[PDB]
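One chain is shown next in structure tokens, namely the form deposited without the partner chain.
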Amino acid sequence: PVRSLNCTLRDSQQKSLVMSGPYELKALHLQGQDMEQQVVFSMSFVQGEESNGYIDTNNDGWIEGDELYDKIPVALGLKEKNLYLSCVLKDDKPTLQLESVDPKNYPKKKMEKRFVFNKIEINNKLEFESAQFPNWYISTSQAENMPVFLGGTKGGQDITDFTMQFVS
């Protein structure tokens, strides 16, 4: 049956993802004490192909282990909340929502596309691209305590890559 793992996520500026009420996630730097606030995700490996390869990011004409990319589809649930991140059109732009779901039926191998993210990993850094809306990515703001959102801009001020910590 469908493979899954539990994990926390931090954006590339070390902001942890936490619940900001039941209806959204927010990102902020957590002092070691409040680290317990981190939302635990349940990442399941859904239907679709895994790709891998190398891109020559340091431009030396060769490949190195830190240039090996992986691309694999996943769904992101919130451990024991029967909620899934999902991408939907709201007021005409791709939007990130937390969607409640029937525990009986989830998770499954064949996720509806709104739930599917292409997890792209290179040198232990992660992007989560929307399968429904390509070129849109799970993103955080530079500022503190702002919502996690779906953003179609890379390299600007918004953060679009993360690291993952595996949880027991």
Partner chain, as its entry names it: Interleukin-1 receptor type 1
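Residues that one form lacks are left out of the comparison. Numbering follows the first chain given and starts at 1. If you superpose the two forms and keep the largest set of C-alpha atoms that fall within 1.5 Å, you have the rigid core.
Trainee: Should the higher mean CA B-factor in the entry be assigned to 68-76 or to 87-95?
Mentor: The stretch with the larger average C-alpha B-factor is 87-95.
Trainee: If you average the Cα B factors in the entry, which is higher, 116-124 or 98-106?
Mentor: Result of the comparison: 98-106.
Trainee: Among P134, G48, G53, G61, single out the one with the highest C-alpha B factor in the record, please.
Mentor: That would be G48.
Trainee: From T57, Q31, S139, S130, can you pick the one with the highest C-alpha B factor in the entry?
Mentor: In the PDB entry, the greatest C-alpha B-factor among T57, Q31, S139, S130 is found at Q31.
Trainee: Comparing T153 with the other modelled residues of its chain, is its CA B-factor in the lowest, middle or highest third?
Mentor: Highest third, going by the recorded CA B-factors of the chain.
Trainee: How does the C-alpha B factor of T8 compare with the rest of the chain: lowest, middle or highest third?
Mentor: Middle third.
Trainee: By its CA B factor, does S20 count among the lowest, middle or highest third of the modelled residues in the chain?
Mentor: Highest third - that is where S20 ends up once the chain's C-alpha B-factors are sorted.
Trainee: Within this chain, which third does the Cα B-factor at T163 fall in: lowest, middle or highest?
Mentor: CA B-factor rank for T163: lowest third.
Missing here is the form deposited with the partner chain bound; even so, the following discussion is about that form.
Trainee: Quick check for you: superpose on the rigid core, then look between this form and the one not shown for a C-alpha move of 2 Å or more. Which of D34, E99, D70, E112 is it?
Mentor: Comparing the C-alpha positions, the one residue that moves 2 Å or more is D70.
Trainee: Superposing on the rigid core, I want to see if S51 changes position between this form and the one not shown - specifically a Cα shift of 2 Å or more.
Mentor: True for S51: a C-alpha shift of 2 Å or more.
Trainee: With a shift of at least 3 angstroms, figure out whether the C-alpha spacing between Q14 and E50 grows or shrinks in the bound PDB entry: closer or farther?
Mentor: It is farther: in the bound PDB entry, the C-alpha atoms of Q14 and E50 lie at least 3 Å more apart than they do here.
Trainee: Mind checking the CA-CA distance of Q132 and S51 in the bound PDB entry? It differs by 3 Å or more from this form, so is it closer or farther?
Mentor: Here the pair is farther apart than in the bound PDB entry; there, closer.
Trainee: Determine the segments between this form and the one not shown made of three or more consecutive residues whose Cα atoms all move at least 2 Å, using the rigid core for the superposition and only residues common to both forms.
Mentor: After superposition, only residues 48-52 shift as a run.
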